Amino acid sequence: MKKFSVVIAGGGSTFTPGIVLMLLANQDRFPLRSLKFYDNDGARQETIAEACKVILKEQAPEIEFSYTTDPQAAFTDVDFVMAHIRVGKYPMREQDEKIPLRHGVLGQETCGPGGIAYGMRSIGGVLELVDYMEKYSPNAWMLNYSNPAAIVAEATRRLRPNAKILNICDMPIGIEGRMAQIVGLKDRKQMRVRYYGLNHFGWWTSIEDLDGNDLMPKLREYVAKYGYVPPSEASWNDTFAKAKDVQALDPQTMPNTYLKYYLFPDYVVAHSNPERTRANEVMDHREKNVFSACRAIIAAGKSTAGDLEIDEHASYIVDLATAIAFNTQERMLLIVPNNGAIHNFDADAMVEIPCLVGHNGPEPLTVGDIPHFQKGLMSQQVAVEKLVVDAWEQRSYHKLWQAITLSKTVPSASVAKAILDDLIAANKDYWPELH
């Protein structure tokens, strides 16, 4: 078995330790000779890196390890780039969430004007990583599990069409995990599914066990009463529960949880608090906890000084990496150019659909024609995403106003323009200039 060189772009991330623990738990299927951290925030990364340094010397001292702010040192001699950056960090996520809310619109990490703003910040950053990877490790694959993938994937499709980038999302993985528990299967890998949509905007059409038995009837009966809350944090519980109402709009399918923001934006605004948003919760909890536990590890010189555990969820990252590395043909939902897969939908749209993954990347499976309801929703939203990338590319104020105006989350062109002017003011150091 061969060994792999990985570089984590976003070393300063609070998820880095959990992901590293995950990788160490998967040395049997994905052996590593080298692990590197890269970040543009040195001081923030140093705390994470020095703590991970202790963990690595305990569990796997044969893995060569280093951290840096230098692209050349980071991207040289790697097989994979795991990109989980958050341009602007939590202070900007806080703005994304509160600015729309002062105008009576939902503020969310990847949906609505908040997500649009995060997408406008993220495009530039990701194009940089892609360029670094191609310059120092031309044969490397980038596993981009950063958000907001619908906007960033549309940018890379347009500007780096041939780059070896794999766009993947964990939301479907988490939902499938809950589905598996609801029907009573061991795990999600005991299911074979069909699905279509945009990232954070899709539907399961077929859900079966490996033998082909239909699991849909049981899921319908259950989700119709409790949503994706299986028989086994407050904000997420509500999202998973609200899927009850979202699934009700099309009883034949199962929906992606992000559809609640588009079908019930009123509900979201009503149950929000413009003083304390999700960013505030993470900042005062997960952010402070991980950095604290990391300084505790460095100061004590022992991992047990911290309470960092394996990030089980993140496992799907290794599934993707092994699929590429060992040409496994594993079936998974990836974000790829449509080009006929959804026959009655724009060829140049980025869609989240089943693909077989091998050494050449994905081989997407056809989907067929989709119904008017989903087609209408996706046509509206994909127009939003394409106008955002248009605004970015052409440095156009007017394209971004169009984009925000088109969103199902935005009540009118006048409110859209007010939100836009506030987002511009708040993102002065991250967005290109708009004329």
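Sequential numbering from 1, following the sequence displayed.
In this entry, no coordinate-free residues of the deposited sequence separate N162 from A163. The mean Cα B-factor in the deposited entry runs higher for 68-76 than for the other of 344-352 and 68-76. The PDB entry reports B-factors from which the mean C-alpha value can be compared for 292-300 and 324-332; the larger average falls on 292-300.
Across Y118, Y262, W141, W236, the greatest Cα temperature factor reported in the deposited entry is at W236. Of the candidates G202, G184, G358, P364, the one whose C-alpha carries the top B factor in the deposited record is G184. When the modelled residues of the chain are ordered by their C-alpha B factor, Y145 lands in the middle third. Among the modelled residues of its chain, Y90 has a C-alpha B-factor that falls in the highest third according to the deposited record. Per the PDB record, residue ranking by Cα B-factor puts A49 in the middle third of the chain.
Residue-level temperature factors show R194 in the lowest third of its chain, judged at the C-alpha atom.
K375: CA B factor in the lowest third of modelled residues in this chain (values from the PDB entry).
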